[PDB]
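These notes concern the structure reproduced below.
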Amino acid sequence: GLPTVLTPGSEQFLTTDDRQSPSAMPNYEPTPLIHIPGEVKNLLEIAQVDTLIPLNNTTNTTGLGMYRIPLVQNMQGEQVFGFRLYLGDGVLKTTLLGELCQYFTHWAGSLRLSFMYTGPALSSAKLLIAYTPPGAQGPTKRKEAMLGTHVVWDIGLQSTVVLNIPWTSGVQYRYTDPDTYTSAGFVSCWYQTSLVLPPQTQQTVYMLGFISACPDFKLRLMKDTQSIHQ
Amino acid sequence: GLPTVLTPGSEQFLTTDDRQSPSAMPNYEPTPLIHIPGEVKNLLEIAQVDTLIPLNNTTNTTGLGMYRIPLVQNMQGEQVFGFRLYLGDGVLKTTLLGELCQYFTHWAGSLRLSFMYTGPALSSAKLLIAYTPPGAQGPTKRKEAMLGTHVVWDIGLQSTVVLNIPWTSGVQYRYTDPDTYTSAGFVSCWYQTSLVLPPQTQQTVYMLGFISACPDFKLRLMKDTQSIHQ
Amino acid sequence: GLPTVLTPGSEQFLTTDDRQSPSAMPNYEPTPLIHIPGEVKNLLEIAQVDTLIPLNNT
Amino acid sequence: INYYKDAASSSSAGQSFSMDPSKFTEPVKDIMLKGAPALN
Amino acid sequence: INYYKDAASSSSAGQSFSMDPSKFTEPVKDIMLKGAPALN
Amino acid sequence: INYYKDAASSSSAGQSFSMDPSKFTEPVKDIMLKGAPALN
Amino acid sequence: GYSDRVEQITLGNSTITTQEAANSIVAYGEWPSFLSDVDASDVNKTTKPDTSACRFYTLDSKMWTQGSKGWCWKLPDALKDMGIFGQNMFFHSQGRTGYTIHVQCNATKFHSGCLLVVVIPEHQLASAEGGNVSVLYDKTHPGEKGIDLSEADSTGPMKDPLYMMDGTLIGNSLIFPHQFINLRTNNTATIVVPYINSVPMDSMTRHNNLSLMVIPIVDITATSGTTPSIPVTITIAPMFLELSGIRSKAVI
Amino acid sequence: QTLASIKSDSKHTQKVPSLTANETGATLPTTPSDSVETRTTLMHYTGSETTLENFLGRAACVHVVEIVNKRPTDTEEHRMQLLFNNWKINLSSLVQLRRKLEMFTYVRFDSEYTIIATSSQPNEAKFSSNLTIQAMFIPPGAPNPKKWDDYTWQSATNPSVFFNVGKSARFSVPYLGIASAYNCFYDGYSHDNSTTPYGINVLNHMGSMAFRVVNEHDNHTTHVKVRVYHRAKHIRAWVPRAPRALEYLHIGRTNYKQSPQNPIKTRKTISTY
Amino acid sequence: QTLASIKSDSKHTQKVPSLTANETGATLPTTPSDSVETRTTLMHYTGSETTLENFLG
Amino acid sequence: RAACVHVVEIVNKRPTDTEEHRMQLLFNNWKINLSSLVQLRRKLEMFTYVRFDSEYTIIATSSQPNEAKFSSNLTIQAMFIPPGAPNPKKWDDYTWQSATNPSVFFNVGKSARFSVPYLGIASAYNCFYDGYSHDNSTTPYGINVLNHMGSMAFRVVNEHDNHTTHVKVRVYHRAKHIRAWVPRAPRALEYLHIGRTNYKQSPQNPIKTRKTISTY
Ligand SMILES: Nc1nc(-c2ccccc2)nc2[nH]nc(Nc3ccc(C(F)(F)F)cc3)c12
Ligand SMILES: Nc1nc(-c2ccccc2)nc2[nH]nc(Nc3ccc(C(F)(F)F)cc3)c12
């Protein structure tokens, strides 16, 4: 018959080698597909949905308290919160971006943060939300934070602010795993003014933090997560 | 199915056997290629760049002294330098042609030598640079050297002389490794006149030697070098 | 992939089996062929040349 | 080229499709526009 | 014939290209000509 | 069908050629004819 | 007669005038330019300081005397303390530059000697201690003061010019954009270098692009008199400075 | 066909192609015909053999690992027992390959891997066994196997290949760089700090490849060496550089010996042939 | 080719894309250009690697 | 047509530190030639100039002439070492990395096959050379001076396995796309050495004799 030559790799098993194969059930007729709502085509359709960030993951915060960021009266210029911007082992670890990014090695594109105020309708505050690009430290003072990318958020009828964190990397892709070379920098929030509640009242009010991907979001090279312990 | 016959060589591994193979990462999208200066297409684009020749590689010349060829006053008819023209284990061993040629078995085509004078602007000399074709010995006297291919170099405003050594072999290709059968002959330089410096001065002046390939330069059959010791 | 069946003779080595094979030197450019006198195409071109017979091999 | 006539045997062929995140990001009766009040 | 639709799987196909040594041998603003003074 | 693009890899293809024994049997300046004297 | 030996360079609000010069070099045959939309990946409007930064800066001169081993400067590090450029370097998260590098060395007709001026991208340095030892930040980012190969150290990079600073031989360093200064012919060398990197833009503080080597090949001598001393001066300017991302001043 | 040389007769001109200045940094494309009388002749050469693609696109051994098949010992970490082995991906382990890649500053290519395993039984064996070998990619952030048979090896999302001893694996891996090209050198640090690793190692987050014998112990200890070969495809490179003359000491680092041997053969006299 | 971002200069408008309400349960498709000045640039990405088919297949 | 050209013997044994690995046959170097075995040489000798591409086949067979407990299928490496290339010194030194040297791996019981294009410097391979390497009174004479084909190295890539295993590797060669010029008479007398055309001091006249010129 036709002369052939076998090449290296003959009879190997390869996890990702898409090939044809014989059917075990030669004339089987599959069950018809009825219309089902919520069809998913791409993981990046999911990455764009907002989920909560456990920003208050401090010790002694067992329960839903991890998703509540406290604000207090008469405090000004102080830091509300801050964190190192990882999509791996940071505060974003358990968010959907976290969970999706843990299945990929390379991350690129813009992130979206969003905060929602849940205090009294009669209360008010202005908050500064800022992003500090790679190479910088801290910030430790508002005077430093204000030099990065930032938004000043006025509490009012519209209860949610959206901060789109631009892609500022000089490297086309960054790692999902923590890696000094591709650090994404920091996120922080400061009291622009102060929290003001009605006269003679004293309360702590909270914000809820959210995260989602921007349309310009890229993921490459799939890998197993570290969320499985057996 | 289709009858087939396996042939000798089935399942062999061969270093240079270019074949298709399954991808381990089926839908990966590679990082875009930005414009980067200095793109290289062929090693022969590199072979044409001049590099220094350690012609003064004598004993007791540790340091950059190996790249300096001395010239002295009141000397006439004497030899300045000479060497056996190998692209393997000669003085050209460590030049780019040397290093590139050590990755190939067969060498053909023309070589270019070039010398640059670094002495006082007020000095002058005439030098004879000569190439002695295969089969000859020495040369030991200028009278012999002058019978080969040569150029007389006048020191002046233009500080560099270029000597293109023609292909004179009766064999289409020569070996990069030293091999008597394909000896390339010799290169030498003699004082046509003498080195003259301003009155009442006494100094040694130097030349720098360079080598590069001519457009007509050919290399065949790749091999490993002998520049690696572990 | 494509179903195949191996036949007897698979992986045999055969002295006269003319087949293709991978090159060990993928982009090698052979030395040009200059004209050389006396080219031979067939052994029967040689058979027609007279040679001496050792008839007195006693 | 398919070598088997039982469709399950086909390799993982397919096209990429335009994404439609609106199913998960903007499932609202009344269309919201960027820049417009969310709370009218 | 390519058998895989993932381009990395392609064999080492390619063409030979004309060499362009000028990038490494004549990177000068002012064009030098053979036979002309290098030092004007 | 050739499967390799490196010509050495080609099988032993070729044609038969007309023989030309005159190079070895009649290398003479002056053409000799059958039936004619060899020694004129 | 517009002799090739005479050139004027005007850049920003500064000029260089030479009378004894070799044709300038444009590294790899490519003139410096701005990042295209096609190449760009950073979604921020960029900053273009223009002529406030793209001007000549002069680094402290060094004396070239017999026994000198040569000197090395890193870019953009060398300019980190100079002018608005130096300040911008610590406020911008990333950026890209091209350079005009000009090396000067005066002498008379009675002098001899030769400098080799080479621009080497990504010149990763070998440590003086060898083994597994890395060169510390403090010794690869000296600013205006270059790495004087004539100075002893034990924590710095290796200083022996024969092997450059990385194990290659100096003889083959001529593969890189380079120009010679022969005191008998020319007193200047000029090299123009485009941005060269694997990425559109990058940090200007944690990473160097270009390493400028000035290594004497032939010692300075003179027809008569005592050992001569000739200053060597280096003047460098950004070409098409483009910066992105604003942060608080970086602290090193 | 391209000519090597064209006929050229004696000249007596004011045009002087043999005289120039290297000071300029340029190498002019002069020919033999600019020095001596010449005769027209063809090159009969295309230079295809010297293309970058052939220089780099040949298989080379990159790394060798040793794994064994033995009854596990409960007193030692399975990795230490060589029940499995982790190879951090690099091309700098073996100099024969490193040296070529070192000749370019920026290199971009797709990879082809070949993995070959050979067994050995340096003991009082009763029989030989053909073991099945698993190779698995573990990119950054992926879990690292701890036991010879823990859940990690399920390879739910991690590309992997199974092959037998005496057989080989072959597969392609597309350019995985973050940047547009792989850097061979890096004159910098991971971040702005006094103390931090220097050089190309800071960019090497390729991940690891893990190897395992998937068979259970079989009375005797079997040693398997797995050799990994690499070949680059579709190769581009930028900014050529001088090759290294001195011996390499370590991976990534360009360090060399305190008192290196001058890699230039010497002779008695500048005029000795 | 799909753009990642388009050039956008400083704004001073009554239109406020940065201010919304998550109360609605919707995530609006805002971009970096709705917050900061931006420069036109391509994605050079199709998202093929993240298709459901590769995730599970 | 394929013909055996050369046979080498390599072994798989625990290395001995008192002897050069080559001497222990841990690896073996075959200097390339076609003159080692007469059955092929004789045909090539019939032409003065020969040009062709080559096809190689390498076949390995193992043997265990000892108190073995089991057999093992060894993997064999064959590597080209052209002139100027480093020659292996230890059974497993860096040379074997084959970074630039064409090489092939195959198992005992299997075979390698590959093509090698005409590698001659000249337009054809010389079968004979009436000359010397250079103008000297003392120098090698004859075709050997042109044979700078290089060497092929063979190795067992497996580690020792308790017992000593002997592997013979047979290399076959077939010419393709063959041209030849200037035919010549075949050799009548026995060959003594490679390259040389020498013959015995008192050779047997290779002509069968008879009693009378008229005996049938
Ligand atoms: N991992 C790397 N990253 C970068 C880099 C990262 C960010 C920006 C710029 C460059 N440059 C590198 N150069 N050499 C690297 N190591 C390497 C590369 C490929 C492979 C293999 F074998 F997988 F192909 C094995 C090892 C390397
Ligand atoms: N190596 C040679 N070079 C020259 C020659 C050199 C320069 C000018 C003219 C002729 N003539 C030769 N004739 N026989 C040779 N030996 C040989 C040839 C091919 C092979 C094999 F097996 F590789 F094909 C093995 C051995 C040979």
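FYI the Cβ positions are ideal-geometry reconstructions off the backbone, even for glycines, and counts take in every protein chain you see. Please treat every number below as a calculation from the coordinates, not as lab data.
Overview of results
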| read-out | value |
| --- | --- |
| Binned Cα-Cα distance frequencies in region H:52-157 - 10 Å width, integer % | 10, 34, 31, 19, 5, 0 |
| Phi-based couplings in Hz for region H:7-17 (Karplus 6.51, -1.76, 1.60; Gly and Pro marked x) | 3, 8, 9, 2, 10, 9, 10, 8, 7, 10, x |
| Peptide ranges B:111-121, C:45-55 listed from the most packed, as the mean C-beta count within 10 angstrom indicates | B:111-121, C:45-55 |
| Reach of B:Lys143 by Cα under 21 Å, taken over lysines that are not fewer than 8 positions away in the same chain | B:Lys126 |
| Proximal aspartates and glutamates to F:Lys5, defined as alpha-carbon separation beneath 18 angstrom and excluding residues fewer than eight positions away on the same chain | B:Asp17, B:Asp18, C:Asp18, C:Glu29, H:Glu49, H:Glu53, J:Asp53, J:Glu55 |
| Range of Cα positions in region A:1-99 per principal axis (Å), largest first | 90, 43, 23 |
| FRET E, pair J:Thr197, C:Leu55, Förster distance 22 Å, beta-carbon r, rounded to 0.05 | 0.20 |
| Mean projected area in nm² (Cα convex hull; one quarter of hull surface) for chain B | 21.5 |
| FRET efficiency, A:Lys126 to A:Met75 (Cβ-Cβ, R0 22 Å, nearest 0.05) | 0.95 |
| Radius of gyration and Dmax over the Cα atoms of region H:227-273, both given in Å | 17.5, 49 |
| Förster radius 35 Å - calculated FRET efficiency between H:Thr221 and D:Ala8 (Cβ-Cβ, nearest 0.05) | 0.20 |
| The protein assembly as shown - mean residue ellipticity at 222 nm from DSSP helices (-39,500 (n - 2.57) per run, n ≥ 4, rounded to 500) | -1000 deg cm²/dmol |
| Net charge of Cβ neighbours under 10 Å - reference H:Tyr198; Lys, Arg +1; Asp, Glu -1 | +1 |
| Euclidean distance of C-alpha centroids, region H:128-164 and region G:29-93, integer Å | 48 |
| Cα centre as origin, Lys/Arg/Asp/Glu Cβ charges: chain J dipole, Debye | 1180 |
| Within the protein assembly as shown, percent of DSSP bridges classed antiparallel, to nearest 5 | 95 |
| For chain B: relative contact order, % (alpha-carbon pairs under 8 angstrom, 6 or more apart) | 33 |
| Size-normalised alpha-carbon gyration radius of the protein assembly as shown, reference 2.2 N^0.38 Å | 1.06 |
| Ratio of the Cα radius of gyration of chain C to 2.2 N^0.38 Å, where N counts its residues | 2.24 |
| Ratio Rg/Rh, restricted to chain J and using Cα atoms, in which Rh is the Kirkwood radius | 1.05 |
| Cross-link partners of G:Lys145 among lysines (Cα-Cα below 24 Å; sequence separation of 8 or more within a chain) | G:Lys62, G:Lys69, G:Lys74, G:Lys80, G:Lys159, G:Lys249 |
| Unit Cα scatterers, Debye sum, region A:105-230: log10 I(q)/I(0) for q = 0.10, 0.14, 0.18, 0.20 Å⁻¹ | -0.42, -0.74, -1.03, -1.16 |
| Relative contact order (%) - criterion: Cα under 8 Å, at least six apart; region: chain H | 29 |
| Contour excess over end-to-end distance, with Cα ends at A:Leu2 and A:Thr204 and 0.36 nm allotted per residue | 64.5 nm |
| Paired Rg and Dmax values of chain E, which use every Cα atom, in angstrom | 20.6, 60 |
| Pairwise Cα inverse-distance average, inverted: Kirkwood Rh of chain G (Å) | 19.1 |
| Highest-MSF residue in chain G out of G:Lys109, G:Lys69, G:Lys145 [GNM, Cα springs under 10 Å] | G:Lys109 |
| Alpha carbon centroid spacing (whole Å) that separates region B:152-230 from region G:206-252 | 33 |
| For the protein assembly as shown, with +1 on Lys and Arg beta carbons and -1 on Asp and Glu, the positive-most of H:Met209, A:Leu157, B:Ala121 along the dipole | B:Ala121 |
| Pair G:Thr226, J:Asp93: separation of 7 Å Cα→Cβ label points (nm) | 5.5 |
| Shielding of G:182-191 by partner chains, average beta-carbon count, 10 Å | 5 |
| Chain D-region F:1-36 distance, computed between alpha-carbon centres (Å) | 69 |
| Given charges at beta-carbon only (K, R positive; D, E negative), |dipole| of chain E in Debye | 20 |
| Spacing of the two label points (7 Å from each Cα toward its C-beta) at G:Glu151 and A:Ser21, in nm | 6.7 |
| Spin-label model distance (nm) - G:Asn132 vs D:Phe24, 7 Å beyond Cα toward Cβ | 4.5 |
